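The chain that follows stands alone, in the form solved without the ligand, written as structure tokens.
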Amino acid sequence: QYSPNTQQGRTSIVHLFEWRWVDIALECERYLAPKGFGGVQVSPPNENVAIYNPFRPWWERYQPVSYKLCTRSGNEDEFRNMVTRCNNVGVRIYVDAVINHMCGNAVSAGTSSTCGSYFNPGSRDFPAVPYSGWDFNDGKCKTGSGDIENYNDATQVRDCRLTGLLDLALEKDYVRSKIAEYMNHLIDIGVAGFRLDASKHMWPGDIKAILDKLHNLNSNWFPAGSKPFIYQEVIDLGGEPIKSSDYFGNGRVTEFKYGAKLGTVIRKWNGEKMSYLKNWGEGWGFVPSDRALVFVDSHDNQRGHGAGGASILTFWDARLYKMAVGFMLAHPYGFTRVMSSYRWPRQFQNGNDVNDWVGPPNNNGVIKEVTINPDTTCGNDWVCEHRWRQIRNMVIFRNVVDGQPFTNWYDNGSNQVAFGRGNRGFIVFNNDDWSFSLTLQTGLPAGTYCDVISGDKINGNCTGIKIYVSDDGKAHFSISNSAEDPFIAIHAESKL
């Protein structure tokens, strides 16, 4: 459950949010594999409801109609093709599994689905699976409205409808089997693991029963006995009766306190400063590192649309965002998930963005292809943060220092900190309103290193900042608070 099943030396996965299968297949071969990325989290590959009001929102993909591999991302052939090609280049595929529910109970019956499948929410009829009224929790939920009304009641959180979404009776073997049939079809296709959507809304025991029905990974690509990597999406912040620790027996869990706290520290909200990150990790009350899936922002919270609210840093806050991602990728805690988004027309009103529902770039509902510009950036409104030099190079930094201990910490009691990873890497940050100019102990062997944030090592030369480490492991760093990117990172592989 707990191992990502990535190729040795690859330590991160990237969420290619709403990307088409054909574009992901290409990205695996032309960029992801060459650049050392471990895998890709894909959007739900099963048929969902086609919502036209609002026009094809991103969240319509979280309202299942059947388990047919047919969505705006592509069909089953394109899906298998993507998995095969990515696997052949050493890049894993992790599926977003929406198994807690089907579509909204108030959705009109008909064939308004991504594959034409007929469904009738009102009568609990999903013939394409098939599911009927006996497969939902309508009779089990005890709330007056049938929806989740109070999160202080761990029971209704699990048995009632999350904002109207028809709740599956996951204790029934039939339901468990239809879910497992779907997941085993994907495992046999070649996927390496799953992101279990809305895990807080399912009983830990029901999840386990389903996982026990799962096959071992495809023996054509994975060694015998490989189990799918499982990470459960559980938003567990302040005290609530549900704890993410209740799910440790099934696999990893998303640590949403991670991005929320990193965001407030870097934004310097209410007294927090980077010097406090000295004991970042369990020391901050986070789950154990070997059970954590971490990230700065996620598709569901980068819109103020989730846990962390306004503290969350996203591509919109580019300068601070790159620094947060850099800190995460450099720090040893957890398994890292990198976000890759698309631009939407944010339109704030009374503190809230009214266009937080806007789906991916499209032409009359047809998702636009990801076009690569000559400078390696993307067109068609895809942000492609995973291609930003600062993020991509830190993804590599993590691979390079993998296994190395957290050492040589330094801080000025405010917002200028630094630390290294064994004798393989070192990173320095300046988030104060004044310049940083100091000689630090890096723990790195003597030599000239290319700063990978401002540039790259291009065959015996650096295109950006160059750092000189003396025989005793010291090196001078200068970062003005006016720098484009207020941080420097050097590692074993950027050494001249």
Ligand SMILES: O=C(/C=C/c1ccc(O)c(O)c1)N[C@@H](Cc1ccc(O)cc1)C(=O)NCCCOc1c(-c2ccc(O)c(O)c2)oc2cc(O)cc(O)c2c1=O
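Start at 1 and count along the sequence shown; that's the residue number.
Quick note: we don't show the form deposited with the ligand bound, though the next part is all about it.
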Could you tell me if all three of 151, 162 and 300 have a heavy atom no more than 4.5 Å from the ligand in the bound PDB entry?
yes
Picking from 421-429, 181-189, 198-206, 398-406, which part of the chain touches the ligand in the bound PDB entry when contact means heavy atoms within 4.5 Å?
198-206
Please tell me which of 292, 417, 339, 98 lies within 4.5 Å of the ligand in the bound PDB entry, judged by heavy atoms.
98
Name the single residue among 210, 328, 274, 235 that comes within 4.5 Å of the ligand in the bound PDB entry, judging by heavy atoms.
235
4.5 Å heavy atom contact, residue 63 to the ligand in the bound PDB entry:
yes
Within a 4.5 Å heavy atom cut-off, is residue 436 in contact with the ligand in the bound PDB entry?
no
In the bound PDB entry, residue 67 touching the ligand (heavy atom, 4.5 Å)
no
